[PDB]
Every structure is written in structure tokens, then in C-alpha cells.
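First, one chain by itself: the form deposited in one PDB entry, in C-alpha cells.
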């Protein structure tokens, strides 16, 4: 049915003003996204940090428009070593992070340009494009190994500094997170193994699902719609894109937004407001 993202809440349960705006977007290919004017939307959104997934673009063959982005001048990219036109992520920031790194410290999982880590003064930001299980659960064995390695890597990071994880985690956690839970219970993105992995991640690290924490029973809020059969026009979708937070950041959480109407990809952007 209907999802209308509520107005932007820019103050925390404390009462402090939001100071940081992070936007995450699976752009389904940088060049296609830019031609659909995705950068015009980003300029209006004016995030402090922009995280992109499925750039599908080699680090050294980036569109020139990305140079023309004045408030996001510190830009870091990662793409597959072997593959091209496949996966790829980016992290663009108004202020320079203290340190950047790539991957999750495990060679097997670090070959596909999926993870960038950006350390800031008071928190560490990870953006991720999580591996897809495959039409029919083909790579679901690999994906369960990814989940375990990813969880271990993130618990490590969170033990040193408060953690914000964002991006396309490629799972709808609960039935409320997709339109057809029944028909997809053996499809990539909604297998019990993927959902259990996600739940493990929440409590093991631990991390809070920022959107679901603020809006525990808001249904029909999705971040992805298959282009097939114009699913988006019908709001037949999945919530695959998240901001997960360390519990210590929850007093900082102002809002977690789903930018339902922003066009340019088969995912829409999500945006996080933190008071730091």
C-alpha cells in the first residue's frame, strides 16, 4: 500500500541539533544513474557524506561530473579486481576522514569492491554492497560465509569506535520489510539463513536498525523495486538498504529517512541524521 516518508526529524531524544547527514544509494551503475540526473538529486539533498553502491565503474574511469561536486570533494572508490561493470562502491565526504580502508580483512571476501571504511573523529563509517545469493540460492553458501566474516569484522571495528554501517545489505530482515514475504521465502534476499544472519548481526555486534528502531510498525517502506513489471509503480518492493548503528549512537539518532520518490536507480536513497 502507501508509504509517505515522514518529515525530517533533526533533533535527538536528547534534544541536540543534527550535525551530520549521511546519504546511501545503490545507483545501479554510475553512468546510467548520472544520465538519469542522480547527481542533481544529491546536490539538492546536500549530504555531508554520500555512500554509493553498484557503481559498476573502474576507479580510474569515473565520470567527470563527480569532479563537479563541490561539497563532497574527498572521494574514495573500490571496484572488482577481475570483474568490470559489476558491483563497486564509493564514499564521498565533505570533510576528510582520518583514515580509509577497503575490504573486511579477509582476502576471499575482498576481491569484488564491496566495502569502504572511513574513520572519523568520533565514529567509524562502513559502506557495503553485500553479495547477492543468486537467482535460486546458488551463491547462498558463499553468502552465509560472507555474513559470518562481515559480522566478525564489524564486531572488531565497533569494539574500538562507535560504528555506522550503511548501504545495500541485500536482505529484507522481517516480513514487514518486503511486500510479498510468502512468495519470496526461498528467494535471494529473504531466505531464513539470510534473515537469521542479519538478526545475528544486530545482536552479536551489536547494532540497531536505525529505521526500524524509529518506525517499528511502519509497513510498506521499501528501498528497492525490481524494474520487472514496473514493481515500483505498484510499491511491490524490499527494504534492502539500512543504516545500522552502535547502541552508543542511539542517543545521537535524529532520523533515518527513505527517499521513496528519488528516481535514477532500482533502489532509492536513504538518509541518516545524527547529532554529534
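Numbering follows the first chain given and starts at 1.
One more form of this protein exists, namely the form deposited with a small molecule bound; it is left out here, but the text below deals with it.
Asks: State the residue from 109, 94, 151, 139 whose non-hydrogen atoms include one within 4.5 Å of the small molecule in the deposited bound form.
Replies: That would be 94.
Asks: By the heavy atom within 4.5 Å rule, which residue out of 65, 28, 48, 45 makes contact with the small molecule in the deposited bound form?
Replies: Selected residue: 48.
Asks: How about residue 159 - does it come within 4.5 Å of the small molecule in the deposited bound form, if we only consider non-hydrogen atoms?
Replies: No, residue 159 sits far enough from the small molecule in the deposited bound form that none of its heavy atoms falls within 4.5 Å.
Asks: How about residue 120: is it within 4.5 Å of the small molecule in the deposited bound form, going by heavy atoms?
Replies: Yes, contact at 4.5 Å.
Asks: Any chance residue 20 has a heavy atom within 4.5 Å of the small molecule in the deposited bound form?
Replies: Although the small molecule is absent here, residue 20 would touch it in the deposited bound form, with heavy atoms inside 4.5 Å.
Asks: Pick the stretch from 142 to 150, 171 to 179, 86 to 94, 195 to 203 whose residues have a heavy atom within 4.5 Å of the small molecule in the deposited bound form.
Replies: Of the options given, it is 86 to 94.
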